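1. Experimental coordinates for this protein are included below, preceded by the sequence.
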Amino acid sequence: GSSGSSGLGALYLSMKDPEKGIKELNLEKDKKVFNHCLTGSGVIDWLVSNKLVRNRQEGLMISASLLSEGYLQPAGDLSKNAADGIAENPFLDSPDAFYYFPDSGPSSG
């Protein structure tokens, strides 16, 4: 959805930019590496970093909108369990939660 979702789209399109957008590091958990992944909080960090909102909170909400649409895929836990049907907020402003775009993500190999 690049022609729809007025706002998110554009925003997302940016997130793709590894320079003018969100970064991409390799995080771990237990015993699993995750390449081309982000962070629940980080995702918002880029938002605040660029000043997409007034505070982290705002981002927390927006973030959801991003994830919801499917611009951010859950990887690991929490985020998933959330997307499942936790509350009215699928996103989790936590450094533990991790997300990735449906195109890159942790490439097998």
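-> Sure thing, it's come through. Residues are numbered from 1 along each chain as shown.

2. Show me what counts as buried in the helix of greatest length in the chain.
-> With secondary structure taken from DSSP state H, the chain has its longest helix at helix 56-69. Buried residues in helix 56-69, counted by 16 or more other C-beta atoms under 10 Å: 59-60, 62-64, 66-67. Backbone N, C-alpha and C define where each C-beta goes, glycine included.

3. Next: stretch 84-102.
-> Residues 90-93, 97-101 are the ones in stretch 84-102 that count as buried (16+ other C-beta under 10 Å).

4. For it, give me every contacting residue.
-> 12, 15-16, 27, 29, 34, 36-44, 56-57, 59-61, 63-64, 66-68, 70-79, 82-83, 106 (C-beta atoms under 8 Å, 6 or more residues apart in numbering).

5. which of the buried residues of helix 56-69 lies closest to residue 22?
-> Among the buried residues of helix 56-69, residue 66 lies closest to residue 22 (C-beta to C-beta), at 10.5 Å.

6. Strands of this structure, start to end?
-> Listed in chain order, the strands of the chain (DSSP state E) span 25-28, 33-37, 73-74, 99-100.

7. Could you say which of those is packed most deeply?
-> strand 99-100 (a mean of 22; mean count of other C-beta atoms under 10 Å).

8. Centre of the chain to that one, how far?
-> 5 Å (C-alpha atoms, centre = their mean, to the nearest Å).

9. Partner strands of that strand and their direction?
-> Applying DSSP bridges, strand 99-100 is found paired with strand 73-74 (antiparallel).

10. So which elements touch the longest helix of the chain?
-> helix 8-16, helix 40-50 (3 or more C-beta pairs under 8 Å, 6 or more residues apart in numbering; DSSP states H and E).

11. quick one on the thing from earlier: quick one: the buried residues of stretch 84-102 as CSV, columns for distance to residue 8 too.
-> CSV is the format used below for the buried residues of stretch 84-102 (distance: C-beta to C-beta, whole Å):
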residue, distance to residue 8
90, 14
91, 13
92, 18
93, 17
97, 19
98, 19
99, 14
100, 16
101, 13
